[PDB]
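Structure data (compact mmCIF, C-alpha atoms and all ligand atoms) from target-v9.txt:
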```txt
# COMPACT_ATOMS: atom_id res chain seq x y z
CA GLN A 3 21.45 82.38 64.71
CA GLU A 4 20.58 81.72 61.03
CA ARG A 5 17.43 82.94 59.26
CA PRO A 6 14.16 83.06 61.15
CA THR A 7 10.88 81.66 59.84
CA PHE A 8 8.79 84.44 58.29
CA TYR A 9 5.02 84.82 57.96
CA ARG A 10 2.91 87.13 55.83
CA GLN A 11 -0.38 89.13 56.26
CA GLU A 12 -2.07 92.30 55.05
CA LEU A 13 -1.93 95.46 57.11
CA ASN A 14 -2.51 98.99 55.86
CA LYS A 15 -3.09 97.54 52.39
CA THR A 16 0.38 96.05 51.88
CA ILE A 17 2.02 92.72 52.67
CA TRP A 18 3.85 92.65 56.02
CA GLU A 19 6.39 89.86 56.03
CA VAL A 20 7.99 89.40 59.46
CA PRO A 21 9.70 86.81 61.65
CA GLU A 22 7.38 84.58 63.64
CA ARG A 23 8.81 85.97 66.88
CA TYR A 24 6.55 89.04 66.28
CA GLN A 25 2.83 88.39 66.86
CA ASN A 26 -0.51 90.17 67.23
CA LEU A 27 0.33 92.96 64.75
CA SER A 28 -1.87 96.09 65.23
CA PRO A 29 -1.57 99.26 63.18
CA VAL A 30 -0.74 102.33 65.29
CA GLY A 31 -0.54 104.92 62.55
CA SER A 32 2.12 106.44 60.28
CA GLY A 33 5.79 107.16 60.96
CA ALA A 34 8.29 109.04 58.78
CA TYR A 35 7.94 107.54 55.23
CA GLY A 36 6.43 104.35 56.52
CA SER A 37 3.87 103.19 59.01
CA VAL A 38 4.06 101.40 62.39
CA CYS A 39 2.45 98.34 63.99
CA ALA A 40 2.41 97.32 67.66
CA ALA A 41 3.41 93.75 68.30
CA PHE A 42 4.35 91.18 70.90
CA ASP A 43 7.93 89.80 70.69
CA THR A 44 8.11 86.16 71.84
CA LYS A 45 11.97 86.36 71.95
CA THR A 46 12.29 89.13 74.55
CA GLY A 47 8.75 89.09 76.04
CA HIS A 48 8.26 92.82 75.38
CA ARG A 49 5.69 94.63 73.29
CA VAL A 50 7.35 96.30 70.28
CA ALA A 51 6.71 98.88 67.58
CA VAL A 52 7.58 97.66 64.07
CA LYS A 53 7.91 100.24 61.31
CA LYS A 54 7.78 99.16 57.66
CA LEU A 55 9.29 101.58 55.25
CA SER A 56 7.09 102.39 52.34
CA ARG A 57 8.93 101.82 49.01
CA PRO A 58 12.28 102.78 50.45
CA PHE A 59 14.12 102.52 47.10
CA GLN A 60 11.65 104.18 44.71
CA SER A 61 13.91 107.16 44.01
CA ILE A 62 17.34 108.54 44.82
CA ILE A 63 16.05 110.98 47.41
CA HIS A 64 14.23 108.10 49.17
CA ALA A 65 17.09 105.66 48.95
CA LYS A 66 19.39 108.12 50.61
CA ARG A 67 16.68 108.85 53.21
CA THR A 68 16.46 105.20 54.07
CA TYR A 69 20.22 104.91 54.51
CA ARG A 70 20.27 108.02 56.64
CA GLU A 71 17.60 106.74 58.97
CA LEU A 72 19.15 103.30 59.47
CA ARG A 73 22.63 104.68 60.11
CA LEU A 74 21.20 107.10 62.58
CA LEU A 75 19.03 104.59 64.30
CA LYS A 76 21.82 102.09 64.55
CA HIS A 77 23.95 104.76 66.28
CA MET A 78 21.50 106.01 68.90
CA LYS A 79 22.04 104.13 72.18
CA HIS A 80 20.42 106.12 74.94
CA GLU A 81 17.39 105.80 77.18
CA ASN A 82 15.62 108.87 75.87
CA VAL A 83 16.24 108.34 72.14
CA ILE A 84 14.55 105.71 69.94
CA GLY A 85 17.01 103.01 69.01
CA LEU A 86 16.88 99.52 67.58
CA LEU A 87 15.93 96.21 69.06
CA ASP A 88 15.96 94.70 65.56
CA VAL A 89 16.12 95.51 61.84
CA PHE A 90 15.15 92.95 59.22
CA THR A 91 14.21 92.30 55.60
CA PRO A 92 12.56 89.23 54.14
CA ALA A 93 15.07 89.15 51.24
CA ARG A 94 17.80 86.47 51.27
CA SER A 95 20.07 88.37 48.92
CA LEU A 96 20.67 91.88 47.65
CA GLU A 97 18.96 91.09 44.37
CA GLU A 98 15.53 90.54 46.04
CA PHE A 99 16.06 93.29 48.63
CA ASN A 100 13.12 95.78 48.54
CA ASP A 101 11.72 96.15 52.04
CA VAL A 102 13.08 97.38 55.37
CA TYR A 103 11.51 96.87 58.77
CA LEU A 104 12.72 98.52 61.97
CA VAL A 105 11.78 97.40 65.52
CA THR A 106 12.01 99.34 68.84
CA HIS A 107 10.33 99.16 72.26
CA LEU A 108 6.58 99.99 72.14
CA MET A 109 5.68 103.41 73.47
CA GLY A 110 2.02 104.02 74.22
CA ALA A 111 1.61 107.55 72.94
CA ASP A 112 3.23 110.82 72.16
CA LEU A 113 2.84 114.19 73.82
CA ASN A 114 0.27 115.36 71.30
CA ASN A 115 -2.13 112.69 72.55
CA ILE A 116 -1.33 113.52 76.19
CA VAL A 117 -1.73 117.27 75.91
CA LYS A 118 -5.13 116.81 74.18
CA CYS A 119 -6.68 114.45 76.75
CA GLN A 120 -5.40 115.36 80.25
CA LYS A 121 -4.01 118.16 82.40
CA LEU A 122 -0.39 117.81 83.54
CA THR A 123 0.92 118.70 86.99
CA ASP A 124 4.18 120.53 87.49
CA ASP A 125 5.70 117.18 88.56
CA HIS A 126 4.71 115.69 85.22
CA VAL A 127 6.38 118.59 83.40
CA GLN A 128 9.55 118.36 85.48
CA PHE A 129 10.31 114.77 84.56
CA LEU A 130 9.08 115.04 80.94
CA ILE A 131 11.33 118.06 80.13
CA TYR A 132 14.13 116.53 82.20
CA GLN A 133 14.02 113.57 79.82
CA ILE A 134 13.91 115.65 76.69
CA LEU A 135 16.94 117.61 77.81
CA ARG A 136 18.90 114.54 78.84
CA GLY A 137 18.46 112.94 75.43
CA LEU A 138 19.17 116.25 73.80
CA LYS A 139 22.48 116.43 75.60
CA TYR A 140 23.33 113.04 74.18
CA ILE A 141 22.20 113.99 70.62
CA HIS A 142 24.05 117.33 70.65
CA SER A 143 27.21 115.68 72.01
CA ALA A 144 27.31 113.62 68.81
CA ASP A 145 27.24 116.80 66.66
CA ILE A 146 23.69 116.09 65.63
CA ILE A 147 20.91 118.65 65.44
CA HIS A 148 17.38 117.33 65.67
CA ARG A 149 15.75 120.36 64.03
CA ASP A 150 12.11 119.21 64.45
CA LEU A 151 11.30 118.70 68.17
CA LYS A 152 7.61 118.96 68.78
CA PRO A 153 5.11 116.99 70.82
CA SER A 154 4.34 114.39 68.14
CA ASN A 155 8.01 113.41 67.88
CA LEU A 156 8.26 112.61 71.63
CA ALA A 157 6.94 109.16 72.49
CA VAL A 158 5.77 108.27 75.97
CA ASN A 159 4.41 105.42 78.07
CA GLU A 160 2.18 105.05 81.14
CA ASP A 161 5.14 105.37 83.51
CA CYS A 162 5.77 108.89 82.05
CA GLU A 163 9.03 107.85 80.32
CA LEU A 164 10.01 109.67 77.10
CA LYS A 165 11.99 109.04 73.87
CA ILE A 166 12.93 111.46 71.09
CA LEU A 167 12.52 110.35 67.45
CA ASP A 168 12.18 111.43 63.81
CA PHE A 169 15.13 113.65 63.25
CA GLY A 170 14.42 116.35 60.66
CA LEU A 171 16.37 117.72 57.68
CA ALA A 172 17.76 121.17 57.25
CA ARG A 173 15.00 121.73 54.63
CA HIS A 174 11.63 123.52 54.32
CA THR A 175 8.80 121.52 52.74
CA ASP A 176 5.03 121.51 52.27
CA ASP A 177 4.90 117.90 51.06
CA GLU A 178 2.35 115.40 52.21
CA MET A 179 2.66 113.73 55.59
CA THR A 180 5.85 115.70 56.61
CA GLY A 181 4.20 117.47 59.59
CA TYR A 182 5.02 120.91 58.17
CA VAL A 183 2.15 122.87 59.71
CA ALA A 184 2.90 121.96 63.33
CA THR A 185 6.72 122.06 62.88
CA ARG A 186 6.44 125.85 62.19
CA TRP A 187 5.02 126.48 65.67
CA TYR A 188 8.06 125.08 67.45
CA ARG A 189 10.76 126.32 65.11
CA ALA A 190 13.41 128.86 66.10
CA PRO A 191 13.13 132.31 64.57
CA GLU A 192 16.58 132.02 62.96
CA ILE A 193 15.52 129.05 60.77
CA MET A 194 11.91 130.01 60.00
CA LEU A 195 12.88 131.13 56.47
CA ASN A 196 16.25 129.58 55.57
CA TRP A 197 19.04 127.36 56.85
CA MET A 198 22.04 129.58 56.33
CA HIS A 199 22.85 130.72 59.89
CA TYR A 200 22.02 128.36 62.66
CA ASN A 201 23.41 125.91 65.25
CA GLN A 202 22.17 123.35 67.80
CA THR A 203 20.59 126.13 69.91
CA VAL A 204 17.48 125.81 67.69
CA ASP A 205 16.35 122.70 69.56
CA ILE A 206 16.34 124.51 72.93
CA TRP A 207 13.91 127.04 71.53
CA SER A 208 11.75 124.11 70.53
CA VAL A 209 12.00 122.69 74.00
CA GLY A 210 10.86 125.94 75.45
CA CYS A 211 7.79 125.93 73.18
CA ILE A 212 7.04 122.37 74.23
CA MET A 213 7.49 123.01 77.99
CA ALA A 214 5.05 125.94 77.91
CA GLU A 215 2.47 123.82 76.18
CA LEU A 216 2.85 121.00 78.68
CA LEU A 217 2.23 123.56 81.47
CA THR A 218 -0.81 125.24 79.94
CA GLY A 219 -2.19 122.67 77.52
CA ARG A 220 -2.05 125.12 74.64
CA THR A 221 0.27 125.71 71.73
CA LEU A 222 2.31 128.74 72.58
CA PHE A 223 2.85 130.20 69.11
CA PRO A 224 0.22 128.77 66.78
CA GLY A 225 0.84 131.08 63.84
CA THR A 226 -0.89 131.01 60.44
CA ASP A 227 1.97 132.27 58.25
CA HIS A 228 5.57 133.44 58.80
CA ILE A 229 4.51 136.98 59.46
CA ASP A 230 1.86 135.98 62.00
CA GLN A 231 4.34 133.53 63.57
CA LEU A 232 6.98 136.21 64.10
CA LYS A 233 4.44 138.62 65.45
CA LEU A 234 3.19 136.13 68.03
CA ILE A 235 6.77 135.53 69.18
CA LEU A 236 7.89 139.14 69.47
CA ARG A 237 4.69 139.97 71.29
CA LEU A 238 6.09 137.88 74.16
CA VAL A 239 9.92 138.27 74.00
CA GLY A 240 9.86 141.94 72.93
CA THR A 241 10.95 143.50 69.65
CA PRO A 242 14.73 143.09 69.34
CA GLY A 243 17.50 145.37 68.12
CA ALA A 244 17.71 146.08 64.38
CA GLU A 245 20.78 143.88 63.75
CA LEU A 246 19.05 140.85 65.21
CA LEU A 247 15.61 141.56 63.81
CA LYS A 248 17.22 141.18 60.38
CA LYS A 249 18.94 137.87 61.19
CA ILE A 250 15.59 136.35 62.13
CA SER A 251 13.22 137.70 59.48
CA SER A 252 12.42 138.43 55.86
CA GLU A 253 12.16 141.78 54.18
CA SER A 254 8.33 141.61 54.17
CA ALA A 255 8.08 140.33 57.72
CA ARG A 256 10.49 142.96 59.00
CA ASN A 257 8.36 145.63 57.32
CA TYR A 258 5.19 144.31 58.95
CA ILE A 259 6.76 144.40 62.45
CA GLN A 260 7.95 147.94 61.91
CA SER A 261 4.55 149.06 60.73
CA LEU A 262 3.52 148.11 64.29
CA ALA A 263 4.57 149.78 67.45
CA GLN A 264 7.55 148.51 69.37
CA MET A 265 6.68 145.61 71.55
CA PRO A 266 7.98 145.28 75.09
CA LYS A 267 9.15 141.99 76.61
CA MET A 268 6.45 140.44 78.80
CA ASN A 269 7.17 139.23 82.30
CA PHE A 270 6.67 135.45 81.93
CA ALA A 271 5.33 135.30 85.51
CA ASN A 272 2.26 137.27 84.27
CA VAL A 273 1.67 135.07 81.26
CA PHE A 274 1.91 131.65 82.94
CA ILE A 275 -0.41 132.13 85.89
CA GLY A 276 -0.15 129.44 88.53
CA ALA A 277 3.21 128.20 87.27
CA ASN A 278 6.02 127.02 89.47
CA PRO A 279 8.35 130.05 89.52
CA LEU A 280 11.22 127.64 88.78
CA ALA A 281 9.27 126.59 85.66
CA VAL A 282 8.88 130.21 84.56
CA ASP A 283 12.51 130.99 85.23
CA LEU A 284 13.66 128.15 82.94
CA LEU A 285 11.22 129.14 80.21
CA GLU A 286 12.78 132.63 80.53
CA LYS A 287 16.22 131.15 79.64
CA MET A 288 15.03 128.99 76.74
CA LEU A 289 12.79 131.38 74.82
CA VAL A 290 15.24 134.12 73.94
CA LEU A 291 15.92 135.40 70.41
CA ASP A 292 19.61 135.69 71.00
CA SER A 293 20.66 132.10 70.45
CA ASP A 294 23.98 132.66 72.31
CA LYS A 295 22.13 133.73 75.45
CA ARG A 296 20.00 130.60 75.25
CA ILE A 297 20.64 128.04 78.02
CA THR A 298 22.07 124.76 76.66
CA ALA A 299 20.91 121.21 77.16
CA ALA A 300 23.91 120.43 79.47
CA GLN A 301 23.31 123.54 81.70
CA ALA A 302 19.50 123.10 81.93
CA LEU A 303 19.89 119.62 83.36
CA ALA A 304 21.57 121.36 86.40
CA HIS A 305 18.67 123.83 86.83
CA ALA A 306 16.78 123.74 90.11
CA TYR A 307 13.48 122.79 88.32
CA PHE A 308 14.97 119.28 87.97
CA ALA A 309 16.58 119.05 91.43
CA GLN A 310 14.55 115.89 92.08
CA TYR A 311 15.94 114.03 89.00
CA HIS A 312 19.32 115.54 88.09
CA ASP A 313 22.35 113.31 88.46
CA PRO A 314 25.51 114.33 86.47
CA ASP A 315 26.77 110.73 86.57
CA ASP A 316 23.72 109.13 84.93
CA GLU A 317 23.31 111.69 82.10
CA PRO A 318 25.59 110.20 79.46
CA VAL A 319 27.11 111.56 76.30
CA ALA A 320 27.59 110.05 72.83
CA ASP A 321 30.29 108.99 70.42
CA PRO A 322 30.35 111.71 67.79
CA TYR A 323 28.46 110.60 64.67
CA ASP A 324 29.89 110.46 61.19
CA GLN A 325 27.67 112.18 58.60
CA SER A 326 30.14 112.36 55.64
CA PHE A 327 28.05 110.13 53.38
CA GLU A 328 25.72 113.08 53.05
CA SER A 329 28.03 114.58 50.47
CA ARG A 330 27.92 111.72 48.00
CA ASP A 331 25.67 111.63 44.92
CA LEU A 332 24.69 108.05 44.21
CA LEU A 333 22.18 105.85 42.44
CA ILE A 334 19.27 103.96 43.84
CA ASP A 335 21.07 100.64 43.77
CA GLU A 336 24.09 102.26 45.28
CA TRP A 337 22.26 103.57 48.36
CA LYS A 338 20.23 100.43 48.47
CA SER A 339 23.42 98.45 48.69
CA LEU A 340 24.82 100.46 51.54
CA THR A 341 21.40 100.00 53.15
CA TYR A 342 21.81 96.19 52.82
CA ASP A 343 25.31 96.17 54.40
CA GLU A 344 23.93 97.86 57.40
CA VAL A 345 21.06 95.40 57.68
CA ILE A 346 23.42 92.44 57.60
CA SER A 347 25.96 94.01 60.05
CA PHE A 348 23.34 94.70 62.70
CA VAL A 349 23.96 93.46 66.23
CA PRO A 350 21.11 93.45 68.72
CA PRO A 351 21.21 94.40 72.38
CA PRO A 352 21.80 91.63 74.93
CA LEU A 353 18.76 89.85 76.43
CA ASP A 354 18.56 91.10 80.07
CA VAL B 385 -2.32 135.20 79.63
CA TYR B 386 -1.94 131.40 79.71
CA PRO B 387 -3.17 130.01 82.99
CA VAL B 388 -1.56 126.65 83.76
CA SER B 389 -3.60 123.42 83.86
CA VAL B 390 -2.75 122.56 87.46
CA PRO B 391 -1.65 125.47 89.70
CA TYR B 392 1.64 124.86 91.51
CA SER B 393 1.60 124.85 95.28
CA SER B 394 4.48 124.42 97.76
CA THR B 404 5.46 108.17 91.12
CA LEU B 405 4.20 109.79 87.90
CA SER B 406 1.62 108.20 85.59
CA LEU B 407 0.18 109.01 82.14
CA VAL B 408 -3.15 107.67 80.82
CA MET B 409 -2.75 106.19 77.25
CA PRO B 410 -5.63 107.56 75.11
CA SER B 411 -7.32 104.32 73.86
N1 LIG C 1 3.96 103.04 69.09
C1 LIG C 1 5.20 103.46 68.75
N2 LIG C 1 6.19 103.20 69.61
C2 LIG C 1 7.47 103.68 69.29
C3 LIG C 1 7.72 104.31 68.08
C4 LIG C 1 6.68 104.51 67.19
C5 LIG C 1 6.97 105.19 66.05
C6 LIG C 1 7.92 104.91 65.14
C7 LIG C 1 8.80 103.91 65.09
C8 LIG C 1 10.11 104.31 64.77
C9 LIG C 1 11.14 103.41 64.70
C10 LIG C 1 10.86 102.10 64.96
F1 LIG C 1 11.65 101.41 64.92
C11 LIG C 1 9.58 101.67 65.28
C12 LIG C 1 8.53 102.58 65.36
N3 LIG C 1 7.96 105.89 64.26
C13 LIG C 1 7.05 106.80 64.57
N4 LIG C 1 6.45 106.39 65.69
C14 LIG C 1 5.38 107.17 66.34
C15 LIG C 1 6.01 108.24 67.17
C16 LIG C 1 5.03 109.40 67.44
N5 LIG C 1 3.71 108.80 67.36
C17 LIG C 1 3.34 108.39 65.97
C18 LIG C 1 4.48 107.83 65.30
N6 LIG C 1 5.47 104.09 67.59
```
Now, as a test, write the supplied structure out as C-alpha cells.
Amino acid sequence: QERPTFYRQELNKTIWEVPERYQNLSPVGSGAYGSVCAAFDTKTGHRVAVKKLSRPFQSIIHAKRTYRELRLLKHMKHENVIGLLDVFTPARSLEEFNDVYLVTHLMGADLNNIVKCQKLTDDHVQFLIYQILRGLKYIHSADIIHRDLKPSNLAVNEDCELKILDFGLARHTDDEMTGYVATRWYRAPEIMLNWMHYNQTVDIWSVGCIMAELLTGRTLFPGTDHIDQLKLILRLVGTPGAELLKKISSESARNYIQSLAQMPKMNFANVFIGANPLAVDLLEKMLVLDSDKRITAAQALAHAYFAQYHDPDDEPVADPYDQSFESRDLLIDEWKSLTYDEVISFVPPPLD
Amino acid sequence: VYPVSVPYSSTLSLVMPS
C-alpha cells in the first residue's frame, strides 16, 4: 500500500526509525557495515532480523558498497541464502534519504556459536554441509563467488536449517570489524596473497575447512601468519610440485617451506579419528591444492555422504547476476541515487 | 590427529546459545 506509520527509539546509540509492523527490537550484534536487531513482524507473524546500515553514504567506497549489497540481496532467492523480506528507509524523497534498513527471516545463531557450545553428530554435519553446498550451487550458477565462507557467515536456527550471507570482496584488508583474522583460516591457498589467479573453486576449499571443524570442533588451519598458514596446510595435503607451489605462495613463504623437509600427504582417515568414512572421503576431495581436481558444489551434492537429503529436482539454480556496475566510478550522490531506485522498486514475497 | 566430537557408528536440532 502507501507509506507505513514509523516509530523511533534508540538502539546501539543511534536512532532506529522503523515501520510499526516491527516490534520488540533487540540488538543481536553487528553485521557487515551495520548492526542487526531481532524483531517481531505483525504483518507476517514471523520473527525477523533488521539490519541498519551505518552511515551508508559517508564516502564513495561506502556508497558503492551499499548499492552492491542491496542489488545482491534483492537478487538472492533461495532457501539457503539470505534474501529480503523487506527493505525500507524513513525518507519520503531522495533529498532526505540517508538511512537504509534491510529485513530477513530471524536466524538464531551462526556456526561459530554452535561449534563453541556443543558437539555435533555426523547427522548434524551431513545436513549442515548439504545445505551449504546446495546454496553454493545456486550462488555459483549465477557467476558469483562468495570468497569468505566461514562459520560466522553461516546462520542457523534450532531446526538445523542454514543460510549463507555476507559475500566478500576480492580484496585483502586488516580494517576494523572486517573479520580478517578468521577469514585467513578458511581461505584457499591460491588467494592467500593476491587475487590474480583464481575461480569459484576457492569456496569449496572453504567448505572443506568448515566441514572438518564441524566434525572435530576445532579450527583446522588456525595459522598466525601467511607462512605459518601455508605450513599447516601442506603438513596435511603434502608438499606439492614446484610449479604449483609457486602459484600458491610468496617468495619468502616458498623459501621457508623449502628450508623444511618435504612433507608427505597424510591419510585423512588417521587424522579424523572416529569419522564417518564417507565424511573423510568427501573431505579428501575438497581439500586439495589443485583447484581443478577439487570436487564442485554440483558434484558434491550427489556424494553418498548426503544420500539421505540429496534430490536433484529440489536443488535449484539461479538467474545469472549482472555485476557490470562494478566498473563505474561515481559520486556519493550518484550511488546513493541508484540505491534509492532500488529501494523504491522493491517487491516483497507473497504472504503464504 | 583430530578426534571427532561424536564417533560415527553404523529430526535434527541445534541449541541456540542464549
Ligand atoms: N539474527 C540474524 N538473523 C539473520 C541475519 C542476521 C545477520 C544479518 C542480517 C543481514 C541481512 C538482513 F537483512 C538482516 C540481518 N547480517 C549479519 N547477520 C548475522 C549473521 C552471522 N551472525 C552475526 C551477524 N542476523
What does the list of residues within 9 Å of ligand LIG 1 (chain C) look like if you count only C-alpha atoms and all ligand atoms, written as an NGL selection string? :A and (29-34 or 36-40 or 50-54 or 75 or 84-89 or 103-115 or 153-159 or 165-168)
Would you write out, as a Markdown table, a table of all residues in chain A that have an atom no more than 6 Å from an atom of chain B, listing for each the closest atom pair and the distance in Å to one decimal, considering all atoms listed in the file and ordering rows by chain and rising residue number?
```
| residue | atom | partner | partner_atom | distance |
| --- | --- | --- | --- | --- |
| A:121 | CA | B:389 | CA | 5.5 |
| A:123 | CA | B:390 | CA | 5.3 |
| A:160 | CA | B:407 | CA | 4.5 |
| A:161 | CA | B:406 | CA | 5.0 |
| A:162 | CA | B:406 | CA | 5.5 |
| A:217 | CA | B:388 | CA | 5.4 |
| A:218 | CA | B:388 | CA | 4.1 |
| A:273 | CA | B:385 | CA | 4.3 |
| A:274 | CA | B:386 | CA | 5.0 |
| A:275 | CA | B:387 | CA | 4.5 |
| A:276 | CA | B:391 | CA | 4.4 |
| A:277 | CA | B:392 | CA | 5.6 |
| A:278 | CA | B:392 | CA | 5.3 |
```
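Non-sequential neighbours of residue 61 in chain A (distance at most 12 Å, separation of 4 or more positions within a chain, only C-alpha atoms) are residues 56, 57, 65, 66, 67, 68, 332, 333, 334, 335, 336, 337 and 338 of chain A.
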Tell me, in Å to one decimal, how far CA of residue 125 in chain A is from CA of residue 312 in chain A.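 Straight-line distance from CA of residue 125 in chain A to CA of residue 312 in chain A works out to 13.7 Å.
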Tell me which protein, DNA and RNA residues are within 12 Å of residue 228 in chain A, counting all atoms listed in the file, leaving out same-chain ones fewer than 2 positions away, and put them as a ChimeraX atom specification. /A:183,186-187,189-196,223-226,230-235,250-256,258-259
Kindly indicate which residue among A:128, A:7, A:60, A:339 lies nearest to residue 310 in chain A, using only C-alpha atoms for the distances.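 Under the stated criterion, the closest residue is A:128.
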As a check of understanding: the span from CA of residue 242 in chain A to CA of residue 212 in chain A is 22.6 Å
Do you have the CA of residue 246 in chain A-CA of residue 199 in chain A distance handy?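 Value for the CA of residue 246 in chain A-CA of residue 199 in chain A distance: 12.1 Å.
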